[PDB]
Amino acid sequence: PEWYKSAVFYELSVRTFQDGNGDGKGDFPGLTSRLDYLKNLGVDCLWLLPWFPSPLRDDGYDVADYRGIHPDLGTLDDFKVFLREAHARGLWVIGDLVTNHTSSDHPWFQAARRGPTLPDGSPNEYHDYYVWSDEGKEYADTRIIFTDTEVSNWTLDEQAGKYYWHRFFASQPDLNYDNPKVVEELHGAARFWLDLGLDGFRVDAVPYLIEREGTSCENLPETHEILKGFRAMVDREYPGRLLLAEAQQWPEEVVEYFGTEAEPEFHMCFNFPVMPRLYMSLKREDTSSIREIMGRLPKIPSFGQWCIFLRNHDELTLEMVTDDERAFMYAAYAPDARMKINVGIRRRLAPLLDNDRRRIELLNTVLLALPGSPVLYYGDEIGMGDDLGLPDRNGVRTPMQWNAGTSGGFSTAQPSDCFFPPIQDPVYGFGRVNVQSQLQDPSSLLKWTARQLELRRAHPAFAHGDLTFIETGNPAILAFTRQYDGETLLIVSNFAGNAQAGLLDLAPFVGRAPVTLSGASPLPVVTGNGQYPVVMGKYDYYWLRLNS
């Protein structure tokens, strides 16, 4: 198989990971020094958050140059060395490619806002790089995404004298993909980094490329035709490189972003459908939404692979769930009204789960045993907290916590001078929650995560096998099998806070013994009708093999 199907991904922001020089900002020398850490964790692929020049109004998804490195993070020489050094360790790196839009500080938009013709009468070729309107009445009734901050997707530019389209902040004017010059600019921006050795891109906000009257302005066929073109460009010029899509859509529209065997689009897509249902199931002590949504996902192409995750740099999004499912989630997980943003929740993993390590391990085992390639968010592997006193999703992006020294060892600069202030509270602070502490602890969450990744690495059915849910007779107990190359795994997970009793339909496996993956302990052989009774403690996870 291709590499990305077997890979464990780790998402980090280069600005908040390791400061190498005391300026209070993470940089690429700093990241390079921590590469043995990520390797020893069992990570196979970094995914770097946007590293480009930018005024950082959206923390860098507002690109003011696609072919350079933000000064904060170092130089392009530093980047190249980091890339050389990760490859020397068998690490893959994928960047973030921001296609839909650019910063209003981009030179293109600085040109385009001057009018259709320049002060010397010649046409201004940059003007059609963006999406203009005389009055701003086109594409009405389409969703606003930053519902908390923006009142419209049209904002008047007082210089150019007319409106311009943006799905995100006013400072992020959308690019005009009906202009063929724009498509080739992003082909070329992609080409620039793939030539440098980068192994692929997470492409960002793909559903919103093209805008058409009379539609939702999402998942448009024309948009998919642009992405089919990216994949052709990459597959032709850079074999082996990965294209990963962020598609916050319902399952039927999400599988579209894989394309098909004839016309491929993305290699990999983020399984947003399942993610919120893992948290609803934990509070509802009931797993049936997981199976429901999981069966609403069609078979994807051979080249395709789901990308499972629990949290990320963003809010826990609640926009692709029902009105009932959403109200429940808010009540379960957003007691303070401040914890809500943009139809979602802005909390780190550990606070969501009340810091309960039994619950943290449960979800992460379901993360690693579900079909796809997992992606860890930076610092979740040690149980970091959030800082809601930071605006707009920034409270989950606080600096990594390496040790209990100055600023958590993220930087020699005092925490007040760190780009984001490292957390120092009594529950989640760096004096209590840090990597050094947990490397010396025999039983730390860090070492648990590494032990668990190693256990999954040993059983290729986790990455490549099929998935079949099993009847348990109890909505709190989720059970399924993964089948691959004549290994059958049995994953039985309790989602309740107390002991639960199941009855598993192991009819097809009569005369087989389930044995533990850990420690090889025999459980009774499946007999008779195949109905197999189990008791499970609170939040237990049984990782089992069915011998032949």
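The first residue of the shown sequence is 1; numbering continues from there.
Comparing the deposited coordinates for 459-467 and 175-183, the stretch with the larger average C-alpha B-factor is 175-183.
Here 378-386 and 189-197 are compared by their mean Cα B-factor, and 189-197 comes out higher.
Ranking 310, 94, 366, 206 by Cα temperature factor from the entry places 206 first. Across the residues 129, 82, 420, 402, the deposited record lists the maximum Cα B factor for 129. When all modelled residues of the chain are sorted by CA temperature factor, residue 21 is found within the middle third. Ranked against the other modelled residues of its chain, the C-alpha B-factor of residue 484 as given in the entry falls in the middle third. Sort the modelled residues of the chain by CA B factor and residue 515 lands in the highest third. Per-chain ranking of the deposited C-alpha B factor places residue 361 in the lowest third.
For residue 36, the recorded CA B-factor ranks within the lowest third of the chain. Only modelled residues enter the ranking.
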